[PDB]
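Numbering (the authors' numbering), first residue to last: 1 to 686. Using N, Cα and C, we set each Cβ at its ideal position, and we do this for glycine too.
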Ligand SMILES: OC[C@H]1O[C@H](O[C@H]2[C@H](O)[C@@H](O)[C@@H](O)O[C@@H]2CO)[C@H](O)[C@@H](O)[C@@H]1O
Ligand SMILES: OC[C@H]1O[C@H](O[C@H]2[C@H](O)[C@@H](O)[C@@H](O)O[C@@H]2CO)[C@H](O)[C@@H](O)[C@@H]1O
Ligand SMILES: OC[C@H]1O[C@H](O[C@H]2[C@H](O)[C@@H](O)[C@@H](O)O[C@@H]2CO)[C@H](O)[C@@H](O)[C@@H]1O
Ligand SMILES: OC[C@H]1O[C@H](O[C@H]2[C@H](O)[C@@H](O)[C@H](O)O[C@@H]2CO)[C@H](O)[C@@H](O)[C@@H]1O
Ligand SMILES: [Ca+2]
Ligand SMILES: [Ca+2]
Ligand SMILES: [Ca+2]
């Protein structure tokens with residue numbers, strides 16, 4: 001379906017309470033009375049935006065070029081205050097994952113918005129927050145709701161009556177946010193003076209409950225999810241949850257793995273997650289550099305190109321990275337740099353670069369504001385004539401129509417500290433983009449080379465951002481002047497004469513799932529699709545999109561190929577799992593002594609466990625881990641494995657110097673749980 005890939009889309013991120021109040025009657029419900037501020041002066045209270053308000057502004061969003069709305073969390077949040085004028089208006093403090101937040105509407109309202117968005121050709125992804133329930137103080141159960149969790153109104157438990165349930169972790173507050181065990185098993189804290197009750201995704205009831213709640217959003221039409229705080233809960237559950245969701249529908253998943261940029265200690269773990277979990281990630285690596293290049297001017301275009309190259313080498317599916325200039329957790333771009341041309345340039349960069357852009361609501365209306373909560377002001381106007389509105393609409397159309405933006409390679413063609421001219425290319429489709437961030441200097445551009453075919457090219461933006469026309473002859477662009485602060489875009493597209501795969505999505509699943517192949521040149525007459533040479537059953541076949549069912553074949557990463565008119569396409573990978581997954585805590589007791597830098601990994605006889613690999617790079621299906629060691633010399637971590645299956649596995653130490661020390665003896669043998677979760681505990685064999 002169209003939900004599988006968002007490569008041709010523009011994502012628009014909406015903080016529901018601060019967008020549009022389409023129904024004033026749900027502003028201050030009796031269920032959660034007293035959390036509403038009609039004056040819009042108390043920044044952490046509900047101001048009244050809702051799901052009906054989003055639905056009423058669909059014509060505006062369609063005209064802007066939005067093709068996927070990322071809705072901030074829609075599920076029932078804390079019904080009380082959490083300290084002085086502080087409320088769950090943002091949606092990250094969930095008390096009931098089965099019900100829509102009453103300030104925003106009910107399930108009928110959600111269905112109506114989603115159905116109306118789909119009628120307007122716009123998808124809806126939902127921000128889903130599995131890490132925690134609500135604010136609590138460990139020494140006082142009367143604060144807020146004490147972390148209370150409900151199941152469609154039926155009370156489940158809170159932080160204080162959990163002794164015989166184990167729905168929450170009880171390990172204290174995070175102290176070192178970069179310590180992986182703390183970041184996942186200790187509590188998320190808020191500087192306002194409280195902690196968030198940390199759900200135990202290792203508890204079977206909670207894992208199935210969260211799975212059911214995510215599946216319910218998809219059953220109600222959601223086209224995918226933006227999964228909150230994926231660095232804060234075990235990554236086995238991210239992969240097992242993604243499995244369940246792709247069994248339901250070929251939706252799109254992206255996880256927010258905050259920070260951990262290149263060169264940092266936990267960066268490789270984030271890359272491995274993006275490459276193996278079945279969940280794509282938001283592009284924090286590129287965001288940092290975009291803000292320093294176009295915002296603070298502390299980095300240059302060389303740093304921007306270096307980050308495009310570095311992310312391109314690390315992420316297997318870099319075209320699934322979700323890019324952004326700002327969001328609800330950092331100051332708005334215009335509070336970093338109020339120059340609107342620099343904002344226009346940053347927007348053009350993400351609109352034409354690899355991955356799919358996410359534009360934070362109101363960017364196109366020139367909203368400004370410091371960090372949370374001041375970057376969550378009310379959408380001020382719905383003016384369709386701003387330069388930013390016109391730019392986004394125009395470039396969104398280029399992204400929908402030119403395959404080079406969706407799937408293309410990226411090549412640097414001209415660069416200095418201020419100017420970046422890069423080229424996207426997908427077979428014969430080419431887009432050459434020139435950006436000059438310096439608003440006070442023009443540059444003479446000579447020696448520019450391109451893959452554009454011969455001819456004269458007008459700026460696709462029609463000079464909106466100061467762009468100019470160019471003349472191309474045998475791969476050479478005639479010398480021209482790039483104006484101060486300008487953005488200029490030159491493009492070529494044509495029909496394909498052979499099958500060309502731009503995307504296969506989702507990137508993981510089991511036999512029988514629906515998988516979508518997006519591209520060009522498939523023809524109108526049905527041809528064939530193979531996975532590793534195995535013929536797949538075709539569900540639908542069009543010139544640019546094929547839907548297939550994953551064949552009942554052996555598990556592992558395999559190559560998808562399209563054959564049309566006797567000619568075969570390029571290959572694109574797809575990870576076939578060994579069966580529906582379960583998320584399992586693997587513990588190895590009494591392992592041998594280690595030194596700082598030495599880490600233990602798990603490997604075994606299935607692709608989920610690496611097929612006996614000892615490789616620990618960003619590759620797909622290699623050794624699993626590393627394990628953590630809060631209970632050293634015992635080590636543990638949580639991994640997604642096929643449910644109800646007998647597996648063989650061993651652990652190994654990867655010393656700081658790269659040396660490998662395997663457990664001795666015979667392989668450990670175990671049968672995995674049949675439910676959502678379970679535990680497999682063994683003793684290191686000496
Ligand atoms: O109470 C802590 C914090 O909760 C929310 O922050 C989110 C953030 O917006 C997400 O993007 C991610 O980083 O996880 C956090 C917890 O879900 C609120 O948005 C923030 O105001 C509040 O301080
Ligand atoms: O002519 C091919 C050459 O083009 C570009 O080099 C630019 C350089 O980026 C600018 O800073 C300036 O010095 O003009 C040069 C062209 O004369 C590419 O960046 C380079 O890779 C390529 O070889
Ligand atoms: O390479 C496949 C092989 O991997 C594992 O064998 C390990 C063994 O456990 C270690 O003790 C040491 O001998 O290295 C071997 C890998 O070279 C599995 O145990 C074995 O079943 C599997 O075939
Ligand atoms: O400031 C709120 C954010 O806190 C955390 O961010 C951590 C980050 O994970 C860690 O890598 C860095 O070293 O420290 C910061 C701040 O303590 C959360 O992970 C974010 O989601 C929050 O927005
Ligand atoms: Ca309202
Ligand atoms: Ca509520
Ligand atoms: Ca957690």
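Comparing alpha-carbon positions, which option in the options lies nearest residue i?
i, options, result
"residue 542", "535, 536 and 525", "525"
"residue 380", "507, 366, 58 and 396", "366"
"residue 509", "547, 245 and 353", "245"
"residue 591", "15, 401, 300 and 664", "664"
"residue 483", "441, 646, 343 and 262", "441"
"residue 253", "563, 237, 278 and 679", "278"
"residue 1", "241, 223 and 233", "223"
"residue 470", "457, 599 and 378", "457"
"residue 49", "654, 119 and 23", "23"
"residue 429", "507, 675, 531 and 519", "519"
"residue 643", "567, 586, 81 and 582", "582"
"residue 492", "426, 547, 512 and 511", "426"
"residue 30", "288, 5, 86 and 101", "101"
"residue 170", "347, 161, 306 and 46", "161"
"residue 688", "355, 597 and 486", "The chain is shown only over 1 to 686; residue 688 falls outside these bounds and no answer can be derived."
"residue 633", "654, 154, 410 and 594", "594"
Using the rule of at least 16 other Cβ atoms within 10 Å of the residue's Cβ for burial, across every protein chain shown, is residue i buried or exposed?
i, result
"residue 192", "exposed"
"residue 478", "exposed"
"residue 656", "exposed"
"residue 107", "exposed"
"residue 265", "exposed"
"residue 93", "buried"
"residue 514", "buried"
"residue 59", "exposed"
"residue 662", "exposed"
"residue 540", "exposed"
"residue 248", "exposed"
"residue 567", "exposed"
"residue 172", "exposed"
"residue 406", "buried"
"residue 384", "exposed"
"residue 630", "exposed"
"residue 228", "buried"
"residue 453", "exposed"
"residue 298", "exposed"
Run through DSSP, which three-state label would residue i get?
i, result
"residue 270", "helix"
"residue 773", "Past the boundaries of the shown model lies residue 773; the chain is included only from 1 to 686, so the question cannot be answered."
"residue 575", "strand"
"residue 490", "strand"
"residue 137", "strand"
"residue 688", "Only positions 1 to 686 of the chain appear in this structure, which leaves residue 688 out of reach."
"residue 318", "helix"
"residue 101", "coil"
"residue 587", "strand"
"residue 185", "helix"
Anyone know if the C-beta pair for residue i and residue j falls short of 8 Å?
i, j, result
"residue 550", "residue 606", "no"
"residue 359", "residue 12", "yes"
"residue 314", "residue 281", "no"
"residue 328", "residue 388", "no"
"residue 370", "residue 377", "no"
"residue 202", "residue 638", "yes"
"residue 73", "residue 129", "yes"
"residue 571", "residue 560", "yes"
"residue 196", "residue 188", "yes"
"residue 688", "residue 487", "Nothing can be reported for residue 688, as the shown portion of the chain is limited to 1 through 686."
"residue 99", "residue 153", "yes"
"residue 466", "residue 447", "no"
"residue 585", "residue 600", "no"
Can you list the beta strand (DSSP E) stretches of 3 or more residues lying completely in the stretch 603-663, in chain order?
The beta strand (DSSP E) runs lying completely inside the stretch 603-663 and spanning 3 residues or more are 635-642, 646-654 and 660-662, given in chain order.
With a floor of 4 residues, list each alpha helix (DSSP H) that falls wholly inside the stretch 334-401, ordered by position along the chain.
As far as the stretch 334-401 is concerned, its whole alpha helix (DSSP H) runs of at least 4 residues are 340-352 and 387-401.
Mind listing, in chain order, the continuous beta strand (DSSP E) runs of no fewer than 3 residues lying wholly within the stretch 203-252?
Here the runs fully enclosed are 224-227.
Which runs of the beta strand (DSSP E) spanning at least 3 residues fall entirely within the stretch 21-96, listed in chain order?
At a cut-off of 3 residues, the continuous stretches assigned as beta strand (DSSP E) that sit fully inside the stretch 21-96 are 68-71 and 75-77.
For a minimum of 3 consecutive residues, which ranges assigned as the beta strand (DSSP E) are wholly contained in the stretch 439-475?
With a minimum length of 3 residues, the unbroken runs of beta strand (DSSP E) contained wholly in the stretch 439-475 fall at 443-445, 455-457 and 470-473.
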